[PDB]
Amino acid sequence: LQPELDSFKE
Amino acid sequence: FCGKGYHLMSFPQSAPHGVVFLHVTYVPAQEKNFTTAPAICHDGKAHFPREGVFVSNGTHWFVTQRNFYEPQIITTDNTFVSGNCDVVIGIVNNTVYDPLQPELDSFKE
Amino acid sequence: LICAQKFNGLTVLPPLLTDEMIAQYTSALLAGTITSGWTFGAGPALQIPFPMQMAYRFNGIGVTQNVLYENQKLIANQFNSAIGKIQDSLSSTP
Ligand SMILES: *[C@@H]1O[C@H](CO)[C@@H](O[C@@H]2O[C@H](CO)[C@@H](O)[C@H](O)[C@H]2NC(C)=O)[C@H](O)[C@H]1NC(C)=O
Ligand SMILES: *[C@@H]1O[C@H](CO)[C@@H](O[C@@H]2O[C@H](CO)[C@@H](O)[C@H](O)[C@H]2NC(C)=O)[C@H](O)[C@H]1NC(C)=O
Ligand SMILES: *[C@@H]1O[C@H](CO)[C@@H](O)[C@H](O)[C@H]1NC(C)=O
């Protein structure tokens, strides 16, 4: 979750 | 071994010079034919169901357990990916609705 | 001798199920297994594409579903070669 979430959000 | 069908329980009953069993089995009924598929390619990667099977109400595609028909939307929690979707024979195409993506998009966008 | 089995008051009764209906039972069982897996043995026979039933049986021994599908041709060749070899195995050893 965290890598994809950060990639989308940042 | 214990009654015809999928066994659930067995209540013994005493009899003269013997025993009597009451095998409580589970017998499926009211079957319905459905168009299946070994896997569902979404983004070039095959998706196989973690449990159950892929079934199609003629038009839409769903994933449900084998011994009962509870159609469920094909999400990425019901299916696991394994490799690309060019080597599985009989693969169909569809859209595995990921629960996280629209959730986060509605949250942020 | 087996040709004249009457002998002296020695009757050999014929089996109730002759070889033909036994073979019919075996063929029906084969068709049930092939086209319905285990479903026909526990209620109505529900048709299920063979490779999919094979994947189901693979799931029962530990290997995941995709092991068969990505190896379907290999497994089919292995199965057909083994079933070919079994006949020669029976013939070679009397
Ligand atoms: C399969 O196909 C139909 C037609 O595509 C599906 O209909 C849709 O799905 C919902 C939920 O079941 C139905 O209530 C609606 O009529 C349709 N709306 C949507 C969301 O597209 C339906 O799932 C199945 N029914 C049939 C005809 O077997
Ligand atoms: C699933 O979708 C993919 C991509 O949309 C399809 O792949 C295309 O297949 C055609 C063959 O008619 C090729 O000409 C295209 O180049 C392919 N596109 C890409 C980029 O993969 C695939 O055919 C679909 N599969 C099914 C069974 O519908
Ligand atoms: C499903 O359809 C097939 C072919 O149309 C038919 O032979 C079969 O009996 C049907 N099965 C059920 C349970 O509806």
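Chain B is numbered as in Swiss-Prot; shown residues: 1042-1150, in order.
Determined via electron microscopy, 3.5 Å.
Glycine is treated like the rest: Cβ placed from N, Cα and C.
Among the features that Swiss-Prot reports, disulfide bond is placed at B:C1082-B:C1126. Using a 10 Å radius centred on the Cβ of B:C1126 (disulfide bond) and all shown protein chains, the other Cβ atoms total 19. The secondary structure of B:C1126 (disulfide bond), as reduced to three states from DSSP, is coil rather than helix or strand.
Per Swiss-Prot, the feature N-linked glycosylation site maps to B:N1074 (among others). B:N1074 (N-linked glycosylation site) carries neither a helix nor a strand DSSP state and counts as coil.
Under the three-state DSSP scheme, B:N1098 (N-linked glycosylation site) falls in the coil class. Within 10 Å of the C-beta atom of B:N1098 (N-linked glycosylation site) sit 11 other C-beta atoms, taking all shown protein chains into account. The N-linked glycosylation site feature in Swiss-Prot is assigned to B:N1098 (among others).
According to Swiss-Prot, the feature N-linked glycosylation site maps to B:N1134 (among others). Spatially close to B:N1134 (N-linked glycosylation site) yet at least six residues away along the chain are B:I1081, B:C1082, B:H1083, judged by Cβ distances under 8 angstroms.
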Query raised in the report: If you draw a 10 Å sphere on the Cβ of B:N1074 (N-linked glycosylation site), how many other Cβ atoms land inside?
Result: 8
Report task. Round to the nearest Å and give the CA-to-CA distance linking B:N1098 (N-linked glycosylation site) with B:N1074 (N-linked glycosylation site). Result -> 10
Query raised in the report: Which of the recorded positions B:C1082, B:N1098, B:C1126, B:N1134 have a Cβ less than 6 Å from any atom of ligand 3?
Result: none
**Report entry** In sequence order, those recorded positions of B:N1074, B:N1098, B:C1126, B:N1134 whose CB lies under 6 Å from ligand 2
**Finding:** B:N1134
